[PDB]
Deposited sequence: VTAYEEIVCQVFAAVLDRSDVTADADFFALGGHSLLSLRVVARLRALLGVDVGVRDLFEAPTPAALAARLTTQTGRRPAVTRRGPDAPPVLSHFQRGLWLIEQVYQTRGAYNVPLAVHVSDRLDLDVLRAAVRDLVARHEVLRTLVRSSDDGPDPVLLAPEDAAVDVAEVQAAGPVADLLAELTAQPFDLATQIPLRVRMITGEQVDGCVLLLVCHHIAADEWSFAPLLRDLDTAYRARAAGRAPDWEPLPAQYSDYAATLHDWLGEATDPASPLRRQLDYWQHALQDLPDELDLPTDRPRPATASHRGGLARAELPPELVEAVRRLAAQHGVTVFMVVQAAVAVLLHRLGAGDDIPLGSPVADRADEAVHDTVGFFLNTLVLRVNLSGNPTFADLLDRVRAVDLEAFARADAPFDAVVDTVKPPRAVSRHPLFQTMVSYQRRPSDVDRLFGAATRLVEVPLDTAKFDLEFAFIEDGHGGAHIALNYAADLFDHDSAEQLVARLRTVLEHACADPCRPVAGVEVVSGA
């Protein structure tokens, strides 16, 4: 869970009075010592409500380490070990089989590059990337993993010439489906054209092989392999501390079986069964059309730019109430739907990354569980009151983040409908794009956002830091017109504006 990491950072930075704290910054290197250690432990005790001590600080002086301190370490299995599908990957494979997603779970990463890359060097570099990360050459067959050896994994790398505008082309290449029984879950396109200075490099991953936290290692490693291959040599790499299958086997073994009352799995599922009791089938939201018989997963994206002024105010509001920025955005989305008539009980899906282990904290794979964060707005709370409720709900949730969402759906046994995502139809996420990707491949580079043509849910609000920030509302076109979505995302910024200005007013 990344929210512990970010709260620890928030606390280091306040007590050391330093704006430069990062997940890997040593408390003592930053100018901390025994005396100041007591102020960190105090503040963490009040915020996280968990028994933290100077012990934990001493043993774990980096926010990442400290966060993970709050289950066996991943063990690198042998060279002859077979691949293991995590249950996260089984859930992704399942949603595709049962709900027919048509590209919606393809994840794009597009980089503008000031030079036209060399396609044969690029192809060599993508083979190295795939050779290094086993998840990128694991097929899935009706569900059984099949690990291609590096020799048999035919990477898909090609140049595409843009006649029409580039951004719509990006969204098109992104939506093209994978057949995971026969194709590796990675597609690479270099887009060139008379309207394109250099090229745009598009990586498309099937979600089964990559979450958004994989962008940094993907680009790091591709850049390394590209520059080595352009000099005629293999990249100089120390093997990965763990392959995704290593993580999956460790996670499966620690979770145990749902029939074992002392297993983490059954214990977490019992929590969720009580926590999701009497859940609404769906929120009463303002759609333009009724929910159709089958979901098309067609969608659009409405962006709400945020003035750096508001970005800074939101950060301050979060720090002053001891919450993460994500919890502010989640509170505000709950308010927004509340004001639209959804009621007092707002279930919001939210992805949580299981990347605490240092062996996988920075590696390519899918590590996101999906949690239902049940926000209660009863009794005319102020926004500050709501931030306290949200913090309490989230921390309770983050402590049971390992029960796979499909097992929670099975435990809760909600009314099902192929056109409606179960247990929640609105998701809230906070995302941070990679830093230091401005001079990749020996060129000048910048990430380019891809305008999605698909959607996963009724609504997905994402607070996206570029690494300034913006809000992206990915909406189901079946349900909403684009202008209705532009209005919703504008109204979310208004809720945030008002919350920074006066958090003490009621949310009604």
| property | result |
| --- | --- |
| Regions left out of the model, expressed as runs of the deposited sequence counted from 1 | 71-76, 149-152, 478-479, 521-528 |
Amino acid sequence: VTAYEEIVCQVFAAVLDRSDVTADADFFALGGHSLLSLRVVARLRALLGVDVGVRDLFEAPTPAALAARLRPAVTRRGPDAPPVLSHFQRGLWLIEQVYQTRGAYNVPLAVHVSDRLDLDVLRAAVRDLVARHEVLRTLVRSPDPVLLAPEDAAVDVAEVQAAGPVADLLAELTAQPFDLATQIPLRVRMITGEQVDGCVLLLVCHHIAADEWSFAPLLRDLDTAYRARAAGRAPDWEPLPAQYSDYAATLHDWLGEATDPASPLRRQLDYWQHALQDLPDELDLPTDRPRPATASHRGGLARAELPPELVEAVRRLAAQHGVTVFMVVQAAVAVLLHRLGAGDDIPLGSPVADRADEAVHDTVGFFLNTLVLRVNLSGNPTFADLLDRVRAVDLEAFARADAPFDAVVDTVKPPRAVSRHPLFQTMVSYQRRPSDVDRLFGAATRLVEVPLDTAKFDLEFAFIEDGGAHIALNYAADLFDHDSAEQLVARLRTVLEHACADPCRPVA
From here on, numbers count along this sequence of modelled residues.
| property | result |
| --- | --- |
| Which of 249-257 and 422-430 has higher mean CA B factor, as the PDB entry lists it | 249-257 |
| Of 200-208 and 272-280, the stretch whose C-alpha atoms average the higher B-factor in the entry | 272-280 |
| Member of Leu47, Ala472, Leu440, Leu459 with the greatest C-alpha B factor (per the PDB record) | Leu47 |
| Candidate set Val329, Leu148, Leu348, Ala81 [ranked by C-alpha B-factor, highest] | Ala81 |
| Chain-relative CA temperature factor third for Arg491 | lowest |
| B-factor third for the C-alpha atom of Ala153 within its chain | highest |
| B-factor third for the C-alpha atom of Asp478 within its chain | lowest |
| Cα B factor band for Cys9 (lowest, middle or highest third within the chain) | highest |
| Third of the chain, ranked by Cα B-factor, where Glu194 sits | highest |
